[PDB]
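> Starting off with a structure, shown below.
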Amino acid sequence: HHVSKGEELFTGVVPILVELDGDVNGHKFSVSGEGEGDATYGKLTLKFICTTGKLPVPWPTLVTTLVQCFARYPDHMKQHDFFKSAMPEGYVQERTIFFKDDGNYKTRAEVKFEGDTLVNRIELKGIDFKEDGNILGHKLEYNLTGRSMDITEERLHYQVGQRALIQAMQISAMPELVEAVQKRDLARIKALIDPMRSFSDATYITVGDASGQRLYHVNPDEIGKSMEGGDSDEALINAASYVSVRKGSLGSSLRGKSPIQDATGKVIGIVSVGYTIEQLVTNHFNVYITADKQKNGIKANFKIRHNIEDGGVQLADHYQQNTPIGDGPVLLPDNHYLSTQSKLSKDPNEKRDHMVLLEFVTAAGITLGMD
């Protein structure tokens, strides 16, 4: 064998460490990140902790700064994966984030493998911020919800379906859920699904009994009523796991369904993990990537509109540059983009100022080429 380099280092789950040292208008802070990435699904699960106390800036403005080497590049685009090609020596990621009518971030980061762990060490410098503004004043919603009805991205819709079915099958197989469904323990079911729902980027998780009556729902007034859509019988009766598109109480949604079975294999319930069509076509950002031949790397210029609390949008104009750390050859890609979806949540057992991040990054924009 040979030592793994490039995409060979991302064939499985890779531990992640993130270290941010920030300085915004003299307010210094540091963030310690911890998690893992699975480039097979473009999946990132990270937990960030402010090791200096309170964060002087909103957590959503640090998401982009706080590892696109875990992007899910399809087989026909793996020759355009600059991020992985620079591994393990890694790349330098530089950004200037212009917050409209406010200050700006300047971030320099080294994303490289340190041992078997992918590490993102960032230095952030923020200047010209107004203390009463949306950033220093903590006036932004705690989310990173996209608002771009953009492309057909058919393959990406299937991937969320795969993502929904993986969750539905995993949740339906949980022994604590099976026992709670048997005893019809609504409070126990709620206690099991609530944390997973807050972490998951899915719009909803629905738990039904053997006849399709809801034992759990995002709206408690829907508990006890029948599930809506007419696509639950194949799991309730035939014990099948599948993906379907039907209209539920929350509208038309892309949903993965799996039966809940006791030890004898008898169907006792059903789990439905769904993504509304609205969230499916809107909640995402496209990081359009182009090659920078002279600087031997890539450039990225995208926009993020942080929702201001009680109305308004705070534009965060990103200008990104990635250059290799080593001298080895790197993939200079054709024009493409990274479809990124983020779900910001909180650890209920964490007293320190923190942010839990679930993130899916998928490369697209280059067809298979069949003419």
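Ordering of the structure tokens sets the chain letters (A, B, ...), residue numbers begin anew at 1 in every chain, and ligands are numbered from 1 in the order given.
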Quick one: residues within 10 Å of residue 210 in chain A, only C-alpha atoms counted, chain neighbours fewer than 4 positions away excluded, as a list in words?
residues 181, 182, 214, 233, 235, 236, 237, 259, 260, 261, 266, 267, 268, 269 and 270 of chain A
> Where does DSSP see alpha helix (DSSP H) in range 133-288 of chain A, if you list the residues as a PDB file with C-alpha atoms, in the first residue's frame?

ATOM      1  CA  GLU A 154     -32.495  16.815  -9.063  1.00  0.00           C
ATOM      2  CA  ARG A 155     -29.656  14.658  -7.723  1.00  0.00           C
ATOM      3  CA  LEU A 156     -29.480  16.865  -4.626  1.00  0.00           C
ATOM      4  CA  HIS A 157     -33.197  16.349  -3.976  1.00  0.00           C
ATOM      5  CA  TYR A 158     -32.612  12.584  -4.050  1.00  0.00           C
ATOM      6  CA  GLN A 159     -29.740  13.009  -1.582  1.00  0.00           C
ATOM      7  CA  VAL A 160     -32.011  14.694   0.961  1.00  0.00           C
ATOM      8  CA  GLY A 161     -34.414  11.796   0.445  1.00  0.00           C
ATOM      9  CA  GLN A 162     -31.570   9.396   1.189  1.00  0.00           C
ATOM     10  CA  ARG A 163     -30.761  11.586   4.199  1.00  0.00           C
ATOM     11  CA  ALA A 164     -34.371  11.460   5.407  1.00  0.00           C
ATOM     12  CA  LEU A 165     -34.613   7.676   5.057  1.00  0.00           C
ATOM     13  CA  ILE A 166     -31.330   7.126   6.913  1.00  0.00           C
ATOM     14  CA  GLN A 167     -32.733   9.081   9.863  1.00  0.00           C
ATOM     15  CA  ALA A 168     -36.145   7.390   9.746  1.00  0.00           C
ATOM     16  CA  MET A 169     -34.562   3.923   9.701  1.00  0.00           C
ATOM     17  CA  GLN A 170     -32.097   4.793  12.475  1.00  0.00           C
ATOM     18  CA  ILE A 171     -34.769   6.384  14.677  1.00  0.00           C
ATOM     19  CA  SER A 172     -37.269   3.556  14.126  1.00  0.00           C
ATOM     20  CA  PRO A 175     -34.599   0.332  21.308  1.00  0.00           C
ATOM     21  CA  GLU A 176     -35.792   3.128  23.602  1.00  0.00           C
ATOM     22  CA  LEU A 177     -38.267   4.292  20.948  1.00  0.00           C
ATOM     23  CA  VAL A 178     -39.544   0.756  20.317  1.00  0.00           C
ATOM     24  CA  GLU A 179     -40.227   0.301  24.020  1.00  0.00           C
ATOM     25  CA  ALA A 180     -41.830   3.743  24.306  1.00  0.00           C
ATOM     26  CA  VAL A 181     -44.128   2.984  21.361  1.00  0.00           C
ATOM     27  CA  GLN A 182     -45.087  -0.365  22.910  1.00  0.00           C
ATOM     28  CA  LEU A 186     -45.943   9.919  24.839  1.00  0.00           C
ATOM     29  CA  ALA A 187     -43.674  11.828  27.230  1.00  0.00           C
ATOM     30  CA  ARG A 188     -40.891   9.275  26.727  1.00  0.00           C
ATOM     31  CA  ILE A 189     -41.304   9.437  22.939  1.00  0.00           C
ATOM     32  CA  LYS A 190     -41.168  13.238  23.089  1.00  0.00           C
ATOM     33  CA  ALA A 191     -38.042  13.089  25.258  1.00  0.00           C
ATOM     34  CA  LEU A 192     -36.317  10.839  22.707  1.00  0.00           C
ATOM     35  CA  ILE A 193     -37.294  12.715  19.541  1.00  0.00           C
ATOM     36  CA  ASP A 194     -36.915  16.323  20.780  1.00  0.00           C
ATOM     37  CA  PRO A 195     -33.069  16.393  20.898  1.00  0.00           C
ATOM     38  CA  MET A 196     -32.716  14.568  17.576  1.00  0.00           C
ATOM     39  CA  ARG A 197     -35.204  16.954  15.965  1.00  0.00           C
ATOM     40  CA  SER A 198     -33.400  20.064  17.226  1.00  0.00           C
ATOM     41  CA  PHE A 199     -30.115  18.728  15.832  1.00  0.00           C
ATOM     42  CA  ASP A 233     -49.292   1.825   4.704  1.00  0.00           C
ATOM     43  CA  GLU A 234     -46.244   0.392   2.904  1.00  0.00           C
ATOM     44  CA  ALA A 235     -44.334   0.759   6.190  1.00  0.00           C
ATOM     45  CA  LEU A 236     -47.210   0.021   8.581  1.00  0.00           C
ATOM     46  CA  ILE A 277     -40.700  21.291  -0.425  1.00  0.00           C
ATOM     47  CA  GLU A 278     -40.377  24.937   0.631  1.00  0.00           C
ATOM     48  CA  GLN A 279     -37.340  24.239   2.820  1.00  0.00           C
ATOM     49  CA  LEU A 280     -36.008  21.824   0.188  1.00  0.00           C
ATOM     50  CA  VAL A 281     -35.931  24.450  -2.581  1.00  0.00           C
ATOM     51  CA  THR A 282     -35.073  27.528  -0.462  1.00  0.00           C
TER      52      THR A 282
END
> Using only C-alpha atoms, which protein or nucleic acid residues come within 12 Å of residue 131 in chain A? Drop anything in the same chain fewer than 4 positions from it, and give the result as a ChimeraX atom specification.
/A:24-27,56-57,102-103,127,135-139
> With only C-alpha atoms as the counted atoms, please give the residues lying no more than 9 Å from residue 366 in chain A, apart from itself and same-chain residues fewer than 3 positions off, as a list in words.
residues 76, 77, 334, 335, 336, 337, 363 and 369 of chain A
> Kindly indicate which residue among A:325, A:368, A:151, A:245 lies nearest to residue 230 in chain A, using only C-alpha atoms for the distances.
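Of the candidates, the smallest distance to residue 230 in chain A is held by A:245.
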> Report the residues of range 120-353 of chain A whose backbone DSSP state falls under strand (DSSP E), written as a VMD selection string.
chain A and resid 120 to 127 204 to 209 214 to 216 242 to 248 251 to 261 267 to 276 285 to 292 297 to 307 313 to 324 336 to 345
> Between A:83, A:204, A:29, A:105, which one has atoms that come closest to residue 297 in chain A, using only C-alpha atoms?
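Using only C-alpha atoms, the shortest distance to residue 297 in chain A belongs to A:83.
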> Residues at most 12 Å from residue 285 in chain A, counting only C-alpha atoms, excluding those fewer than 6 positions away in the same chain, as a count of residues only?
27
> So, with only C-alpha atoms as the atoms that count, which of A:14, A:20, A:332, A:109 lies closest to residue 55 in chain A?
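Closest to residue 55 in chain A of all the choices is A:20.
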> Calculate how many Å separate CA of residue 73 in chain A from CA of residue 244 in chain A, rounding to one decimal.
25.0 Å
> For CA of residue 207 in chain A and CA of residue 273 in chain A, quote the distance in Å rounded to one decimal.
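Calculated distance between CA of residue 207 in chain A and CA of residue 273 in chain A is 8.9 Å.
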> Go through A:317, A:38, A:123, A:228 and flag the residue nearest residue 18 in chain A, using only C-alpha atoms for the distances.
A:123
> Can you tell me, as a ChimeraX atom specification, what residues are no more than 10 Å from residue 118 in chain A when counting only C-alpha atoms, ignoring any on the same chain fewer than 6 positions away?
/A:9-10,14-18,35-37,67,69-70,87-88,90,111-112
> What is the distance between CA of residue 21 in chain A and CA of residue 108 in chain A, in Å to one decimal?
10.2 Å
> I need the residue nearest residue 45 in chain A from this list: A:218, A:205, A:357, A:122. Use only C-alpha atoms for the distance.
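Closest to residue 45 in chain A of all the choices is A:357.
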> Quick one: residues within 9 Å of residue 54 in chain A, only C-alpha atoms, excluding same-chain residues fewer than 4 positions away - as a list in words?
residues 29, 50, 352 and 353 of chain A
> Write the residues of the preceding selection, restricted to N, CA and C atoms, as a PDB file, in the first residue's frame.

ATOM      1  N   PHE A  29     -11.586  36.946  21.448  1.00  0.00           N
ATOM      2  CA  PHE A  29     -12.292  35.730  21.820  1.00  0.00           C
ATOM      3  C   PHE A  29     -11.645  34.557  21.102  1.00  0.00           C
ATOM      4  N   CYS A  50     -17.116  28.696  23.183  1.00  0.00           N
ATOM      5  CA  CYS A  50     -16.363  29.924  23.410  1.00  0.00           C
ATOM      6  C   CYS A  50     -15.535  29.748  24.678  1.00  0.00           C
ATOM      7  N   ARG A 352     -21.751  26.573  28.851  1.00  0.00           N
ATOM      8  CA  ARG A 352     -20.923  27.580  28.204  1.00  0.00           C
ATOM      9  C   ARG A 352     -21.564  28.054  26.902  1.00  0.00           C
ATOM     10  N   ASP A 353     -21.164  29.251  26.474  1.00  0.00           N
ATOM     11  CA  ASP A 353     -21.636  29.795  25.207  1.00  0.00           C
ATOM     12  C   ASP A 353     -21.142  28.922  24.062  1.00  0.00           C
TER      13      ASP A 353
END
> Between A:223, A:101, A:59, A:117, which residue has the minimum interatomic distance to residue 129 in chain A, considering only C-alpha atoms?
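For residue 129 in chain A, the nearest of the candidates is A:101.
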